[PDB]
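Asker: quick one: initial chain(s) of a complex, as found there:
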Amino acid sequence: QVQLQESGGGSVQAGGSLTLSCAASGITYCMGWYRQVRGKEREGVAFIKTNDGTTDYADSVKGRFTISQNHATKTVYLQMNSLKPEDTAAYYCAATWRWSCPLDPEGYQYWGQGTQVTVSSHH
Amino acid sequence: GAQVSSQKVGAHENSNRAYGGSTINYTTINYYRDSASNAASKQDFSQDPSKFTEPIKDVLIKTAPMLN
């Protein structure tokens, strides 16, 4: 019964890059399949398998984000680059062991508290 | 009146001077009067899937034309 925490999130300008950390309780990756689902409301971004590889990204963000696994610390990150005002969203992290279901927000069992990221239109 | 049967050895212990090698057998003694009460042997058979695969009246030869 893992417990997520959204850390390393804040304000930045447009064009830059920011990193997001997602440490977890346990017996972390044991619930498996960590995710990154943004949106002010609900919308995926990154998905990842605790084992093997096994990346995949939302078509809308494809080629600018990356989700990584630090099994030792038990933290899952999210490197967001070339930010643009439309990236100012409510970031969260998720998990479900079910080795599938990455295309449904309500398919999950675990959720953290969140961290608001702001891509300030400076330029 | 015991029932000694054989086991299909899996991971053979670096032995043939007791384990692994020489056939490993197990004993089984029934303690109750009812057949229901008996343990599950597991030494069950296996048959040809023909009563499903070839439910046909005539005989099938896998090299000749099916419909002749």
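Answerer: Yes, it's here. Residues are numbered from 1 along each chain as shown, chains lettered A, B, ... in the order given.
Asker: right, and residue A:103 touches residue A:43 too?
Answerer: No. Residue A:103 is not in contact with residue A:43 according to C-beta atoms under 8 Å; the separation is 11.0 Å. C-beta here means a position set from N, CA and C on the backbone, and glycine is covered the same way.
Asker: neighbours of residue 55, just the number please.
Answerer: Because you didn't say which chain, this covers chain A. Other residues within reach of residue A:55 by the criterion other C-beta atoms under 10 Å in any protein chain shown amount to 12.
Asker: ah, I was thinking of chain B
Answerer: Residues contacting residue B:55 under the criterion other C-beta under 10 Å number 7.
Asker: again with the one 10 residues further on
Answerer: Counted by other C-beta under 10 Å, the residues lying close to residue B:65 total 6.
Asker: tell me how far it lies from residue A:117.
Answerer: Here the distance between residue B:65 and residue A:117 works out to 69 Å (C-beta to C-beta, to the nearest Å).
Asker: sorry, back to before: okay, residue A:103 and residue A:43: which has more neighbours?
Answerer: Summary of the neighbour comparison: residue A:103 and residue A:43, criterion other C-beta under 10 Å, with residue A:43 having more neighbours (14 against 10).
Asker: and that one, bridged to which residues?
Answerer: Following DSSP bridges, residue A:43 is listed with bridge partners residue A:38.
Asker: quick one, what contacts it?
Answerer: Contacts were defined as C-beta atoms under 8 Å, 6 or more residues apart in numbering or on different chains; by that measure residue A:43 touches A:37, A:58, A:105.
Asker: drop chain C onto that structure:
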Amino acid sequence: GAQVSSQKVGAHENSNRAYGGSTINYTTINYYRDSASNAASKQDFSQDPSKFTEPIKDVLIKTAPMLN
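Answerer: Okay, chain C now, added to the rest:
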């Protein structure tokens, strides 16, 4: 179908009229159908460390010159 095996006697009890002396053996009966379930015999072999010590193609004679 029991498995009676020998033991390497350590501290021999002032006996040879039962213990210590006359070879001491132990019985072993398998109670489960699976090999996994079996006890660890421990009566394992031992080999020559040559597949590590002398991984050489030619034969080594410990009295002659190594490189000739």
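Asker: could you re-examine the contacts of residue A:43 with chain C now present?
Answerer: Residue A:43 sits in contact with A:37, A:58, A:105, where contact means C-beta under 8 Å, 6+ apart.
Asker: quick check, the first one in contact with residue A:57.
Answerer: Just to be clear, that refers to residue A:37. No. The criterion here is C-beta under 8 Å, and residue A:37 misses it with residue A:57 at 11.9 Å.
Asker: find residues that contact each of these two.
Answerer: Looking at what touches both residue A:37 and residue A:57 (by C-beta under 8 Å, 6+ apart), the common residues are residue A:45.
Asker: looking at these two, which one has more neighbours?
Answerer: Between residue A:37 and residue A:57, counted using other C-beta under 10 Å, the more crowded position is residue A:37 (22 against 18).
Asker: name the nearest residue to that one, sequence neighbours excluded.
Answerer: Nearest residue to residue A:37 in three dimensions, chain neighbours excluded: residue A:44, at 4.7 Å (C-beta to C-beta, 6 or more residues apart in numbering or on different chains).
Asker: near chain C, which residues of chain B?
Answerer: B:2, B:4-5, B:7-11, B:13-20, B:24-27, B:42 (C-beta under 8 Å from any C-beta of the partner chain).
Asker: buried among those residues? Make that a ChimeraX selection.
Answerer: When burial is assessed using 16 or more other C-beta atoms under 10 Å in any protein chain shown, the buried subset of the residues of chain B next to chain C is captured in ChimeraX by this command:
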select /B:7,9,13,15,18,19,20,24,26
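Asker: can you pick out the ones from the residues of chain B next to chain C that are in helices?
Answerer: Using DSSP state H, no member of the residues of chain B next to chain C sits in helices.
Asker: slot chain D in:
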Amino acid sequence: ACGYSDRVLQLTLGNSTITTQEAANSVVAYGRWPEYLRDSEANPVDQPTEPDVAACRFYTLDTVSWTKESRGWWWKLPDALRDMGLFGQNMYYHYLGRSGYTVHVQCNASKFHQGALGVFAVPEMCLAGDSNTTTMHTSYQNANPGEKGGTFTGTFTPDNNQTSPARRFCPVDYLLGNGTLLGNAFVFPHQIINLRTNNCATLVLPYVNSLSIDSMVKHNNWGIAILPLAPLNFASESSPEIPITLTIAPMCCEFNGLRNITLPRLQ
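Answerer: So, slotting chain D in with the rest:
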């Protein structure tokens, strides 16, 4: 050599004979062929009437039509043949009876037609009800449609009349009517009348149940479900049509317990 072809076949029982020139041989279900109850497996004590020929003959039930918008068809045994000559009579006249069959589903077209019909034989073809309000409530009158048979549907429609429900089967084709996947139905004895190949079907089904001999009026053994695997298309015609006919013949039939005639409320 002398022309023994798998498509050319002749079936004969009693005073009826079926011939076919486009067959895919015949299917002897589960490898068993009909026989009478063995003294070993016997149950009741009385003397068994073996009508044989009298009951063992091909009966052509009514013919249905196969067009594009057809979803499917379903027949029960010994239901359908409850109105068939002597077999029908002797049936009502007893309490226990076992009977085998030889379903000969016929359905021909031309070289210019295309499609496939899946003739399945499900032992104990239990179909589902029509309402989400009262389960297992389908009445007998609709459960035994007889020779007219029942029909499948392409969408589930719940019955909302709780005043006086319909009490009938509402079987959705892709679920065989029993909630499983139709694609797996190819486990029960079957044949596919894929127009191009053959023009009929043949499945001899032996007596299967959990009992050695059981009540016929009450219990139905084999279920004949014919659903279109491939749609019927013809030339460049918007409404093609060919007929489907079935002629199931009982085999190794016997009956125990002669009583007075049963008159069941059918409607």
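Asker: can you check the neighbour count of residue B:65 again with chain D included?
Answerer: By other C-beta under 10 Å, neighbour count at residue B:65 equals 7.
Asker: give me every residue that touches it.
Answerer: When contacts are taken as C-beta under 8 Å, 6+ apart, residue B:65 is in contact with no other residue.
Asker: mind redoing it with 10 Å?
Answerer: With contact set as C-beta atoms under 10 Å, 6 or more residues apart in numbering or on different chains, residue B:65 has these partners: residue D:6.
Asker: now name the helix or strand holding it.
Answerer: With secondary structure defined by DSSP states H and E, residue B:65 is part of neither a helix nor a strand.
Asker: ok, it to residue D:1 distance?
Answerer: As defined by C-beta to C-beta, residue B:65 lies at a distance of 15 Å from residue D:1.
Asker: and the closest residue to residue A:116 other than its chain neighbours, backbone torsions?
Answerer: Using C-beta to C-beta, 6+ apart and skipping the chain neighbours, the partner closest in space to residue A:116 is residue A:90 (5.9 Å). Backbone dihedrals for residue A:90, given as degrees, to the nearest 10, come out at phi -90, psi 100.
Asker: could you check how far residue A:90 is from residue A:107?
Answerer: From residue A:90 over to residue A:107 the distance is 19 Å, taken as C-beta to C-beta.
Asker: ok, those two, which is more surrounded?
Answerer: In this view residue A:90 and residue A:107 are compared by other C-beta under 10 Å, and residue A:90 has more residues nearby, 17 against 12.
Asker: what's near enough to touch the residue in chain D that chain B sits nearest to?
Answerer: Each residue of chain D has a distance to chain B, by C-beta to the nearest C-beta, and the smallest belongs to residue D:31, at 4.2 Å. Neighbouring residues of residue D:31 by C-beta under 10 Å, 6+ apart: B:48, B:50, B:51, B:52, B:54, B:55, B:56, B:57, D:189, D:206.
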